[PDB]
Amino acid sequence: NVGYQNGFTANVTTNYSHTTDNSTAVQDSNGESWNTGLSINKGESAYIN
Amino acid sequence: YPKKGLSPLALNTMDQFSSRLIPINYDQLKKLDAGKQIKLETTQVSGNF
């Protein structure tokens, strides 16, 4: 950066950094389910008397 | 003050002691781009004898 403050000013900054990280997690689950269903056969589909 | 054969001075050199430069907007720039010209004009000097 450059600028004016009681005359000319300039500054040049460099930078570097190194970070590390580690973590855990635990996840449960639970559930239920239902189902219904039919079937039919066209041709021989009903008996009589 | 720089005698005949020497190099001229400068204005608003950027140092410890300085001053902000003189700005122009667009219409005065076009007025300078026309046939008008810039006047240097001295108010009052201060000297010795």
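Values in this text are rule-based calculations from the coordinates and carry no lab data.
For A:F8, the residues whose modelled amide H falls within less than 5 Å of its own, excluding neighbours fewer than 5 places apart on the same chain, are B:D15.
Normalised radius of gyration (Cα atoms, divided by 2.2 N^0.38 Å) for chain B: 1.64. Computed 3J(HN,Hα) for the stretch A:21-31, one whole-Hz value per residue from the Karplus formula 6.51 cos²θ - 1.76 cosθ + 1.60 where θ = phi - 60°, is 6, 7, 7, 10, 6, 9, 9, 9, 7, 7, x, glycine and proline marked x. The mean of 1/r over all pairs of different alpha-carbon atoms in the protein assembly as shown, once inverted, gives a Kirkwood hydrodynamic radius of 25.8 Å. Divide the volume of the convex hull around the Cα atoms of chain A by the residue count and you get 389 Å³ per residue.
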